[PDB]
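We begin with a single chain expressed as structure tokens, specifically the form deposited in one PDB entry.
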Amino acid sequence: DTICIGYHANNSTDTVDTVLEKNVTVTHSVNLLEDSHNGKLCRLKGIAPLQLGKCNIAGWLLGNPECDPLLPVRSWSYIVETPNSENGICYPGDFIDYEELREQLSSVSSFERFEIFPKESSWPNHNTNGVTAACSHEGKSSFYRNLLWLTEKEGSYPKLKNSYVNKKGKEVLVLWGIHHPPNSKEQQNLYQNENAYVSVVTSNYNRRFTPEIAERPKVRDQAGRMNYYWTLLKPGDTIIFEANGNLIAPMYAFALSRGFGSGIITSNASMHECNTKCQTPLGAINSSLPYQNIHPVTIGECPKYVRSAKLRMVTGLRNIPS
């Protein structure tokens, strides 16, 4: 009679690397590197993302007419722009502190779009009809839905002064614009005052704008320029507009709510009826795995992104079915 001590083997084809060796075949092992996603945009912890569609943050907040109008109130877990950012700024110029506003929006959980200065009542003795071929809609000249081009009425541009008090109990994002004509004749025609100014003031914002007249190269057929400005009006605070020309007045503004764990991503992927704890621009991950090589851009509670092709840890022993 004989008695023997020995160890398990099986049909396992799993391989791992060690420091001393590699392509070591082992009885049992566990994958730590998640490489599988579902290729869909999904709800995050029950809340759908904001899809800007043919629009970029700039087009959306200014209200570029080519962009399909969103609901007056929305909430989201994250913001999706598309690689095809076709509709942004339509009238050429600079969006001042644009990157800072995007960073501000990264921590915003919802908005109410509301009529801050009603078109009919807010601007007596000025024309509000101003449109441009640079901001086209269905072939017709149009303008931003959230701004208003104030021009002369019956040969006069009276000095205007209007203020709004924030009784929304939320930060209110107000945007406006300053128009810079290419020459002194257009300035005269639109605003009459050759030496016009614009002032915008709050408790913690104070800025004066003076037009800069010059023949510039044509951009979307305009030699003129429009600079775009914004501020966050604190709850209870007042914003005051004074102008004797060149003001692209606010009409609609946004009451913002702040939330946690949001961001802006760019994605080719489509919204599906799904829910996830972890979203990437490529698709959602459903994993208790510690690492992933799918994408460095993550929303939610995700594995740590690494460049690795494989991370496999051995649990069994050297498999030798000999």
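Rigid core: the largest C-alpha set superposing within 1.5 Å between the two forms. In this text, residue numbers run from 1 along the sequence as written.
If you look for the form deposited in another entry, you will not find it shown, but the lines that follow are about it.
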{"item": "Core-superposed comparison between the shown form and the other one: the option from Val73, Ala214, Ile96, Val165 whose CA moves 2 angstroms or more", "value": "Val73"}
{"item": "Threshold 2 Å Cα movement between the shown form and the other one for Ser257, core superposed", "value": "no"}
{"item": "Large Cα shift (2 Å or above) at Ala58 between the shown form and the other one, core-fitted", "value": "no"}
{"item": "Sense of the change in Cα distance from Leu71 to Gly93 in the other form - at least 3 Å versus the shown form", "value": "closer"}
{"item": "Cα-Cα shift for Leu71 and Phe143, closer or farther in the other form, minimum 3 Å", "value": "closer"}
